[PDB]
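See structure below.
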Amino acid sequence: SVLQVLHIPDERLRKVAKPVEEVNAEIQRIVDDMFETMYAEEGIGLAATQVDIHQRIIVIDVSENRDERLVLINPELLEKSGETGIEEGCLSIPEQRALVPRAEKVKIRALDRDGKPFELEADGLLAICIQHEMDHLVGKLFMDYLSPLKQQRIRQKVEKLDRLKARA
Amino acid sequence: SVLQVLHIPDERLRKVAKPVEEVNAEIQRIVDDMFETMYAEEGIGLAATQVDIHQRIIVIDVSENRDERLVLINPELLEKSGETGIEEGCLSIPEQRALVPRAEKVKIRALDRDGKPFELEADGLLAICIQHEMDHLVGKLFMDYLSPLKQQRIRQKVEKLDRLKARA
Amino acid sequence: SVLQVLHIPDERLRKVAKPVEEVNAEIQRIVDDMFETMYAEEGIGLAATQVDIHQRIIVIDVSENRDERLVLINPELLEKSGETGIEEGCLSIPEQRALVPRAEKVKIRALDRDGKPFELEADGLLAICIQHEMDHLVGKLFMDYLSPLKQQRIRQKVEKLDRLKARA
Ligand code: NI
Ligand code: NI
Ligand code: NI
């Protein structure tokens, strides 16, 4: 199923996700729906809290052929280093982009779709995406890193997008 | 979560649902998402196959205040009698309505959200909704009861609607 | 403010009202205008749909000293028994009256003007008034209970009345 993606300024985007207790068939359905939603909306990452499911589940695909599914359940950041920034987008802040300070290199531990633990070292685009998605799970958005004026301009542009999408 | 509702002429609307093996937390999550979707779309009934979940699950609320949740899992029709018809709508055939022949009274057995069996005798609006929703589960739409030329009128109306609502 | 009361054969009288989401200051202004309208026209009950406001709000005051106000928001009928009938009037059917079958005794649950829930058992005139007003909210009029010939006659009476009303 394709789930509805929340937009700012929805306050559900600010909730802190709980850890997944057990990777069972219910969790695997959520993971599969989240991929289906992410590809439908043409994103490269999606966190459960964006679809109003407040558990620590992220899906990512940064591949050119869109055939490289990465699942992070209960991710934990072990190490990071360096600093970078790319103009980031977000399905919850549609059509807006802004440079945000990130670590350049990241090492994480997570469970996969089978609930098996794995470690992953990432740099480049992948490292940035993982950090962006992990921020969601604690209720943080990329606009939070920006000045109060930039934050206001972004909120306003999104509220205008959505007015028109809703046209009676 | 709010799920996407399929529209004609999607072929997945014609699939025959499988019975629910076990009413567990996964099924209860589906039921809760289905209610959330139905209220969001302002419908009075929704079948699982309309949100691309091909299991025998129906949610209904025909109440005035929208606070009377009825769940039918693995419904079976035990008895029916009489004949009626109102102008029926459907979230999968947006904004179209047509009078369809139905039984006036219906007696069904089903499992509730806890997986407990129950029997229900219905007439009036409820009886009509139950039959409409049970039709979905075997891949049948209300337009199937109409002449080829009304079916063609309805399919065109809906396609115009969707096309001319789809800006990127 | 005094609102305009719709007359038959206005089709807005046949719309089904939505439940009130939240009893806030806007809803409380509507309630106050509805009372002001009802007293102005000298009625004993008024439903929101009669003034082209399609939410589940009803005001009733049978008192002589216009000082026993009753507000029903999102009413629900819990129990009914018996059968009665008096010659009912309606501000939407100017100057016409007809005996209509009603339940004699009625038990309802509703929200008051503050949005606090309450239960009310009624008989006599109040019970009939409550049923009459609850009908308005699902688009029913008292003339709907009468023969086709009686209905046509009432429609004509009212149209003749409003025809004279407007003069130029
Ligand atoms: Ni994001
Ligand atoms: Ni339907
Ligand atoms: Ni009336």
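So you can find residues: chains in the structure tokens are A, B, ... in the order shown, residues in each start at 1, and ligands are numbered from 1 in order.
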Enumerate, in order of chain and increasing residue number, the residues of chain C with an atom no farther than 8 Å from chain B, each with its shortest atom pair and distance in Å to one decimal, counting only C-alpha atoms, as CSV.
residue,atom,partner,partner_atom,distance
C:18,CA,B:65,CA,7.3
C:19,CA,B:65,CA,5.2
C:74,CA,B:65,CA,6.3
C:75,CA,B:65,CA,8.0
C:76,CA,B:65,CA,7.7
Among region 17-134 of chain B, which ones does DSSP place in strand (DSSP E or B), written as a VMD selection string? chain B and resid 18 45 to 47 55 57 to 60 70 to 81 84 87 to 88 98 to 99 102 105 to 111 117 to 122
Got a sec to align chain C on chain B by every in-order Cα pair and hand back the fitted coordinates as an mmCIF file with C-alpha atoms, in the first residue's frame?
data_model
loop_
_atom_site.group_PDB
_atom_site.id
_atom_site.type_symbol
_atom_site.label_atom_id
_atom_site.label_comp_id
_atom_site.auth_asym_id
_atom_site.auth_seq_id
_atom_site.Cartn_x
_atom_site.Cartn_y
_atom_site.Cartn_z
ATOM 1 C CA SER C 1 -1.921 5.789 8.625
ATOM 2 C CA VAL C 2 -4.045 6.928 5.705
ATOM 3 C CA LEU C 3 -3.725 4.453 2.813
ATOM 4 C CA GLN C 4 -4.151 5.212 -0.870
ATOM 5 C CA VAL C 5 -7.520 4.127 -2.268
ATOM 6 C CA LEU C 6 -7.393 2.543 -5.736
ATOM 7 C CA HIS C 7 -9.624 3.916 -8.541
ATOM 8 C CA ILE C 8 -11.008 2.191 -11.621
ATOM 9 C CA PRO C 9 -9.781 1.081 -13.976
ATOM 10 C CA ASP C 10 -7.117 -0.445 -11.695
ATOM 11 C CA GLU C 11 -7.065 -4.245 -12.161
ATOM 12 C CA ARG C 12 -6.104 -4.859 -8.513
ATOM 13 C CA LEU C 13 -9.728 -3.968 -7.797
ATOM 14 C CA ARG C 14 -10.628 -7.230 -9.515
ATOM 15 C CA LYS C 15 -8.582 -9.559 -7.323
ATOM 16 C CA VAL C 16 -10.331 -12.096 -5.072
ATOM 17 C CA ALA C 17 -9.374 -11.699 -1.398
ATOM 18 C CA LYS C 18 -8.087 -14.561 0.783
ATOM 19 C CA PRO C 19 -9.641 -15.277 4.172
ATOM 20 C CA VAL C 20 -7.799 -13.980 7.228
ATOM 21 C CA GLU C 21 -5.914 -16.885 8.873
ATOM 22 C CA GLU C 22 -5.517 -15.317 12.311
ATOM 23 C CA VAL C 23 -6.722 -12.005 13.749
ATOM 24 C CA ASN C 24 -3.452 -10.758 15.184
ATOM 25 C CA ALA C 25 -1.821 -7.349 15.740
ATOM 26 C CA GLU C 26 -0.916 -6.993 12.072
ATOM 27 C CA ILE C 27 -4.561 -7.462 11.055
ATOM 28 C CA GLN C 28 -5.625 -5.010 13.762
ATOM 29 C CA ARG C 29 -3.273 -2.336 12.414
ATOM 30 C CA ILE C 30 -4.802 -2.862 8.916
ATOM 31 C CA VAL C 31 -8.280 -2.477 10.424
ATOM 32 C CA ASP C 32 -7.219 0.739 12.162
ATOM 33 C CA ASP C 33 -5.601 2.189 9.053
ATOM 34 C CA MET C 34 -8.702 1.290 6.997
ATOM 35 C CA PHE C 35 -10.958 3.218 9.418
ATOM 36 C CA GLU C 36 -8.532 6.142 9.317
ATOM 37 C CA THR C 37 -8.582 6.064 5.509
ATOM 38 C CA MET C 38 -12.368 5.801 5.266
ATOM 39 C CA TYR C 39 -12.986 8.726 7.627
ATOM 40 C CA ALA C 40 -10.331 10.782 5.834
ATOM 41 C CA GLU C 41 -12.046 10.260 2.477
ATOM 42 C CA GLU C 42 -15.491 10.581 4.153
ATOM 43 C CA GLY C 43 -16.826 7.176 3.103
ATOM 44 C CA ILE C 44 -19.172 4.901 5.061
ATOM 45 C CA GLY C 45 -17.590 1.621 4.048
ATOM 46 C CA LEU C 46 -14.224 0.366 2.861
ATOM 47 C CA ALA C 47 -13.036 -3.088 1.796
ATOM 48 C CA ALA C 48 -9.386 -4.114 2.170
ATOM 49 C CA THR C 49 -9.022 -4.775 -1.559
ATOM 50 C CA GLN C 50 -9.778 -1.087 -2.250
ATOM 51 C CA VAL C 51 -6.531 -0.237 -0.501
ATOM 52 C CA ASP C 52 -4.665 -3.047 -2.294
ATOM 53 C CA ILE C 53 -4.841 -5.347 0.742
ATOM 54 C CA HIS C 54 -6.303 -8.607 -0.528
ATOM 55 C CA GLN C 55 -7.753 -10.156 2.588
ATOM 56 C CA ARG C 56 -11.387 -10.485 3.676
ATOM 57 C CA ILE C 57 -11.675 -7.412 5.921
ATOM 58 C CA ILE C 58 -14.389 -4.746 5.731
ATOM 59 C CA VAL C 59 -14.898 -1.608 7.799
ATOM 60 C CA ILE C 60 -18.192 0.277 7.990
ATOM 61 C CA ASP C 61 -19.265 3.346 9.970
ATOM 62 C CA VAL C 62 -22.495 5.110 9.044
ATOM 63 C CA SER C 63 -22.547 7.146 12.255
ATOM 64 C CA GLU C 64 -22.483 10.934 12.322
ATOM 65 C CA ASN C 65 -20.166 11.074 15.329
ATOM 66 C CA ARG C 66 -17.737 8.567 13.711
ATOM 67 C CA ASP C 67 -18.252 6.414 16.811
ATOM 68 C CA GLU C 68 -20.187 3.271 15.775
ATOM 69 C CA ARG C 69 -17.483 1.243 14.073
ATOM 70 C CA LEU C 70 -18.286 -2.092 12.503
ATOM 71 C CA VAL C 71 -15.582 -4.575 11.521
ATOM 72 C CA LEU C 72 -16.336 -7.666 9.383
ATOM 73 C CA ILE C 73 -13.519 -10.157 9.058
ATOM 74 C CA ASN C 74 -14.195 -13.243 6.921
ATOM 75 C CA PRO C 75 -17.876 -12.335 6.483
ATOM 76 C CA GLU C 76 -20.325 -14.943 5.266
ATOM 77 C CA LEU C 77 -23.841 -14.422 4.015
ATOM 78 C CA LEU C 78 -26.193 -16.802 5.778
ATOM 79 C CA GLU C 79 -29.553 -15.512 4.534
ATOM 80 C CA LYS C 80 -30.965 -12.766 2.314
ATOM 81 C CA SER C 81 -34.412 -11.649 1.255
ATOM 82 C CA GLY C 82 -36.285 -8.926 -0.580
ATOM 83 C CA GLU C 83 -34.994 -6.509 -3.137
ATOM 84 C CA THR C 84 -34.077 -2.811 -2.977
ATOM 85 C CA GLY C 85 -31.836 -0.213 -4.476
ATOM 86 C CA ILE C 86 -30.460 3.216 -3.695
ATOM 87 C CA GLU C 87 -27.959 5.325 -5.617
ATOM 88 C CA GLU C 88 -24.671 3.922 -4.314
ATOM 89 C CA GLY C 89 -21.295 5.613 -4.203
ATOM 90 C CA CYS C 90 -17.793 4.199 -3.806
ATOM 91 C CA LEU C 91 -14.437 5.766 -2.966
ATOM 92 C CA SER C 92 -12.925 3.781 -5.870
ATOM 93 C CA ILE C 93 -15.383 5.364 -8.333
ATOM 94 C CA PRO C 94 -14.948 9.015 -7.391
ATOM 95 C CA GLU C 95 -18.075 11.145 -7.536
ATOM 96 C CA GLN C 96 -20.209 8.646 -9.501
ATOM 97 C CA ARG C 97 -23.499 7.183 -8.286
ATOM 98 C CA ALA C 98 -25.945 4.610 -9.616
ATOM 99 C CA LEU C 99 -28.906 2.580 -8.427
ATOM 100 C CA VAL C 100 -27.969 -1.086 -8.048
ATOM 101 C CA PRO C 101 -30.229 -4.075 -7.206
ATOM 102 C CA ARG C 102 -29.573 -5.443 -3.705
ATOM 103 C CA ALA C 103 -31.276 -7.744 -1.191
ATOM 104 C CA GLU C 104 -33.354 -5.775 1.305
ATOM 105 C CA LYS C 105 -32.523 -7.912 4.369
ATOM 106 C CA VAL C 106 -29.259 -9.741 5.027
ATOM 107 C CA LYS C 107 -27.968 -12.037 7.803
ATOM 108 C CA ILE C 108 -24.212 -12.435 8.128
ATOM 109 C CA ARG C 109 -21.645 -14.252 10.282
ATOM 110 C CA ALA C 110 -18.243 -12.547 10.755
ATOM 111 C CA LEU C 111 -15.272 -12.091 13.117
ATOM 112 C CA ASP C 112 -14.845 -8.754 14.917
ATOM 113 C CA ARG C 113 -11.613 -6.827 15.546
ATOM 114 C CA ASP C 114 -10.795 -9.233 18.376
ATOM 115 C CA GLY C 115 -11.408 -12.266 16.189
ATOM 116 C CA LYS C 116 -14.569 -13.272 18.042
ATOM 117 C CA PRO C 117 -17.464 -14.556 15.891
ATOM 118 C CA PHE C 118 -20.768 -12.723 15.733
ATOM 119 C CA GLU C 119 -24.009 -12.753 13.769
ATOM 120 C CA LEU C 120 -25.717 -9.668 12.449
ATOM 121 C CA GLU C 121 -29.111 -9.143 10.837
ATOM 122 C CA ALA C 122 -29.293 -5.950 8.820
ATOM 123 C CA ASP C 123 -31.759 -4.087 6.675
ATOM 124 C CA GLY C 124 -31.948 -0.602 5.193
ATOM 125 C CA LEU C 125 -28.720 1.242 4.419
ATOM 126 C CA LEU C 126 -26.569 -1.174 6.479
ATOM 127 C CA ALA C 127 -27.761 -4.218 4.486
ATOM 128 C CA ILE C 128 -26.903 -2.455 1.199
ATOM 129 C CA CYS C 129 -23.525 -1.343 2.564
ATOM 130 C CA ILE C 130 -22.634 -4.867 3.628
ATOM 131 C CA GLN C 131 -23.491 -6.316 0.206
ATOM 132 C CA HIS C 132 -21.560 -3.528 -1.561
ATOM 133 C CA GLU C 133 -18.462 -4.219 0.562
ATOM 134 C CA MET C 134 -18.695 -7.988 0.294
ATOM 135 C CA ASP C 135 -18.731 -7.573 -3.486
ATOM 136 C CA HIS C 136 -15.390 -5.709 -3.345
ATOM 137 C CA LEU C 137 -13.780 -8.799 -1.795
ATOM 138 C CA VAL C 138 -14.553 -10.963 -4.831
ATOM 139 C CA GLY C 139 -13.575 -8.219 -7.249
ATOM 140 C CA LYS C 140 -17.011 -6.778 -8.027
ATOM 141 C CA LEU C 141 -17.885 -3.128 -8.422
ATOM 142 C CA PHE C 142 -21.343 -1.526 -8.472
ATOM 143 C CA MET C 143 -20.882 -0.477 -12.088
ATOM 144 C CA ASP C 144 -20.781 -4.166 -13.046
ATOM 145 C CA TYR C 145 -24.538 -4.255 -12.604
ATOM 146 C CA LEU C 146 -25.168 -1.549 -15.207
ATOM 147 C CA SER C 147 -25.395 -1.510 -19.008
ATOM 148 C CA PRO C 148 -22.173 -1.452 -21.094
ATOM 149 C CA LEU C 149 -22.925 2.115 -22.145
ATOM 150 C CA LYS C 150 -23.422 3.206 -18.511
ATOM 151 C CA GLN C 151 -20.178 1.499 -17.515
ATOM 152 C CA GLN C 152 -18.109 3.169 -20.256
ATOM 153 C CA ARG C 153 -19.498 6.551 -19.242
ATOM 154 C CA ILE C 154 -18.543 6.042 -15.579
ATOM 155 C CA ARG C 155 -15.039 4.859 -16.498
ATOM 156 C CA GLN C 156 -14.593 8.037 -18.625
ATOM 157 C CA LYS C 157 -15.896 10.357 -15.937
ATOM 158 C CA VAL C 158 -13.392 8.934 -13.446
ATOM 159 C CA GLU C 159 -10.465 9.027 -15.845
ATOM 160 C CA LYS C 160 -11.231 12.649 -16.656
ATOM 161 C CA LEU C 161 -11.361 13.414 -12.915
ATOM 162 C CA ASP C 162 -7.982 11.795 -12.138
ATOM 163 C CA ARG C 163 -6.486 13.461 -15.236
ATOM 164 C CA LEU C 164 -7.348 16.882 -13.887
ATOM 165 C CA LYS C 165 -6.248 15.744 -10.407
ATOM 166 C CA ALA C 166 -2.672 15.176 -11.539
ATOM 167 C CA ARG C 167 -1.460 18.571 -12.838
ATOM 168 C CA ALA C 168 2.292 19.334 -12.912
#
For the structure I just gave you, how does DSSP split chain B - specifically, which residues are alpha helix (DSSP H)? Reply as number ranges by chain. B: 25-40, 124-137, 148-163
